[PDB]
Amino acid sequence: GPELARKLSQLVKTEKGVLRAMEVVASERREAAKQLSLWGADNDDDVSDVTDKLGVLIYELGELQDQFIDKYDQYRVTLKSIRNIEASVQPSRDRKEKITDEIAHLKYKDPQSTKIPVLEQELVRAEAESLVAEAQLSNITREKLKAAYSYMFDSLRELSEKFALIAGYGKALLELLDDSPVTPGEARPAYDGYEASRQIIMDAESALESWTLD
Amino acid sequence: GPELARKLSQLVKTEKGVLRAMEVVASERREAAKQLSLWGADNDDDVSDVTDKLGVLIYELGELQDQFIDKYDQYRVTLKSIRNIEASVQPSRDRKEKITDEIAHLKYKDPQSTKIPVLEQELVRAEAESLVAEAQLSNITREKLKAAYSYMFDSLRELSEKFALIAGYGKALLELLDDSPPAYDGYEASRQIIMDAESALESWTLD
């Protein structure tokens with residue numbers, strides 16, 4: 001590929017892969033949610049509840065990931081767009097180099113030629129074109145770069161601050177589940193953590209609606 | 001394993017899938033960091049500097065992830081552990097089931113006198129074993145389920161908050177880039193950010 005493209009194309013590629021992997025996580029994590037809830041489904045009353053809600057909360061991690069994927073994509077194409085521009089600039093470099101090597105050939109093996117003054121003149125224009133070209137590239141790179149990661153980090157901070165919430169609430173559910181041993185023979189007590197458990201969802205939905213950047 | 005363990009096996013299989021997906025994500029993030037730093041090297045000096053730092057931050061995302069991935073495994077094996085017990089209790093149930101039917105057939109059709117007392121006495125032992133088995137299944141399911149997810153979530157809360165902070169500093173770094181279509185001097189500033197990050201990570205605590 002063109003020279004100034006390569007290193008950025010390598011990164012663009014690697015980042016496609018990171019997306020593809022995040023997709024799988026989110027997908028599978030949602031499958032875990034269901035399988036957990038369905039497993040807990042046919043157990044003791046308390047386990048069947050805690051697990052039901054744990055299935056909701058873990059399902060959201062799924063949805064939340066995928067929302068962050070959509071935005072990662074936007075990050076990735078923005079980079080892709082920078083790479084395309086680093087590609088468009090190559091010609092003006094090759095040209096400068098060719099005109100240089102043409103003079104070098106002609107001055108050395110034919111100094112009498114009348115097309116050296118003209119090529120010399122062509123080279124100053126070419127060099128000028130190349131400077132402008134590269135100045136432009138820079139002002140585009142800087143801007144697209146800044147907008148790129150700037151957007152991605154805000155999205156990642158969202159994802160992650162919302163994960164934080166669900167973890168914290170997720171652990172608040174596990175408080176409902178009693179792990180006090182049982183004597184072989186006698187039964188498990190009454191479980192009335194339903195009002196509480198439903199409350200934890202409502203609290204979690206409340207925290208995720210109201211969350212804002214800063 | 002047998003029937004009682006089926007649904008939990010499915011689950012265990014999926015979390016191995018999730019662990020493995022995560023391992024890839026961390027891995028690549030790390031490649032992305034490097035690749036971003038090395039491309040930045042051929043650019044204006046502000047870009048070269050900021051991009052090398054962004055690299056350091058993003059690399060750490062990847063490491064935090066592997067740190068969480070290790071902890072995720074302990075989670076998964078704690079489930080596998082529950083599954084095993086669900087598996088070894090089945091026979092105990094299947095057995096008690098059998099013996100009782102052996103009495104159900106022996107009674108009604110030739111309620112004969114020689115066998116019963118031997119079967120009657122084998123069922124008392126099976127009930128005994130069933131009780132102890134069910135007790136252990138119940139008690140272990142809850143201790144380990146609670147532990148498993150309790151642990152997992154604290155670790156996830158760790159990964160996330162630490163991500164969140166890194167994301168913060170990532171964005172700060174970008175301010176050192178001049179969106180003005182003058183000599184770069186943000187080295188002091190960018191160092192301070194990384195130093196800040198490392199500081200804010202070292203001093204993180206649950207609770």
# chains A, B, ... in the order shown; residues from 1 in each chain; ligands from 1
$ residues_around --residues "residue 25 (chain A)" --least-positions-apart "6" --cutoff "12 Å" --atoms "only C-alpha atoms" --output "PyMOL selection string"
(chain A and resi 18-19+31-32+58-59+61-66+69) or (chain B and resi 14-26)
$ write_last_selection --atoms "C-alpha atoms" --output "compact mmCIF listing (two decimals), in the first residue's frame"
# COMPACT_ATOMS: atom_id res chain seq x y z
CA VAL A 18 -11.45 -5.39 18.68
CA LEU A 19 -14.93 -4.42 17.59
CA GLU A 31 -26.94 -15.69 26.54
CA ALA A 32 -25.45 -16.15 30.02
CA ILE A 58 -26.51 -8.88 33.27
CA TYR A 59 -28.71 -8.57 30.16
CA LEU A 61 -24.39 -5.17 30.28
CA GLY A 62 -25.18 -6.80 26.93
CA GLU A 63 -27.28 -3.97 25.57
CA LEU A 64 -24.86 -1.44 27.04
CA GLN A 65 -21.87 -3.05 25.29
CA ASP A 66 -23.64 -2.98 21.96
CA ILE A 69 -20.01 -0.77 19.79
CA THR B 14 -21.06 -19.91 27.82
CA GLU B 15 -18.87 -18.15 30.38
CA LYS B 16 -15.84 -19.91 28.92
CA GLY B 17 -16.95 -18.38 25.60
CA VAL B 18 -17.15 -14.97 27.30
CA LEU B 19 -13.77 -15.30 29.01
CA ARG B 20 -12.21 -16.24 25.67
CA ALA B 21 -13.89 -13.29 23.90
CA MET B 22 -12.53 -10.94 26.54
CA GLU B 23 -8.99 -12.35 26.23
CA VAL B 24 -9.09 -11.30 22.57
CA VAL B 25 -10.38 -7.84 23.34
CA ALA B 26 -7.60 -7.14 25.85
$ residues_around --residues "region 89-92 of chain B" --least-positions-apart "5" --cutoff "8 Å" --atoms "only C-alpha atoms" --output "CSV table (one decimal) with N, CA and C atoms, in the first residue's frame"
chain,number,residue,atom,x,y,z
B,2,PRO,N,-25.4,-35.7,34.4
B,2,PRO,CA,-26.8,-36.0,34.3
B,2,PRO,C,-27.8,-34.8,34.3
B,3,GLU,N,-29.1,-35.1,34.4
B,3,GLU,CA,-30.1,-34.1,34.3
B,3,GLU,C,-30.1,-32.9,35.2
B,4,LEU,N,-29.9,-33.1,36.5
B,4,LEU,CA,-29.9,-32.0,37.5
B,4,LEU,C,-28.8,-31.0,37.1
B,126,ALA,N,-31.2,-45.3,52.1
B,126,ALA,CA,-31.2,-44.4,51.0
B,126,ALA,C,-31.8,-43.0,51.4
B,129,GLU,N,-29.2,-41.1,53.2
B,129,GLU,CA,-28.2,-40.6,52.2
B,129,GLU,C,-28.8,-39.4,51.4
B,130,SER,N,-30.0,-39.6,51.0
B,130,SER,CA,-30.7,-38.5,50.2
B,130,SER,C,-30.8,-37.2,51.0
B,133,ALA,N,-27.4,-35.7,51.3
B,133,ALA,CA,-27.0,-35.3,49.9
B,133,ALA,C,-27.8,-34.0,49.6
B,134,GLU,N,-29.1,-33.9,49.8
B,134,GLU,CA,-29.8,-32.7,49.5
B,134,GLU,C,-29.3,-31.5,50.3
B,137,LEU,N,-26.1,-30.3,48.8
B,137,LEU,CA,-26.4,-29.6,47.6
B,137,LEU,C,-26.9,-28.2,47.8
$ select_by_dssp --residues "region 2-214 of chain A" --states "helix (DSSP H, G or I)" --output "PyMOL selection string"
chain A and resi 3-41+45-109+115-174+194-210
$ closest_residue --among "B:77, B:131, B:69, B:119" --to "chain A" --atoms "only C-alpha atoms"
B:131
$ residues_around --residues "residue 62 (chain B)" --least-positions-apart "3" --cutoff "9 Å" --atoms "only C-alpha atoms" --output "PyMOL selection string"
chain B and resi 25-30+58-59+65-67
$ interface_residues --of "chain A" --to "chain B" --cutoff "8 Å" --atoms "only C-alpha atoms" --output "ChimeraX atom specification"
/A:7-8,10-11,14-15,17-18,21-22,24-25,28-29,31-32,35-36,38-39,47,138-139,142-143,146,149-150,153-154,156-158,160-161,163-165,167-168,170-171,174,177-185
$ closest_residue --among "B:120, B:204, B:45, B:183" --to "residue 107 (chain B)" --atoms "only C-alpha atoms"
B:120
$ atom_distance --atom1 "CA of residue 57 (chain A)" --atom2 "CA of residue 207 (chain A)"
12.5 Å
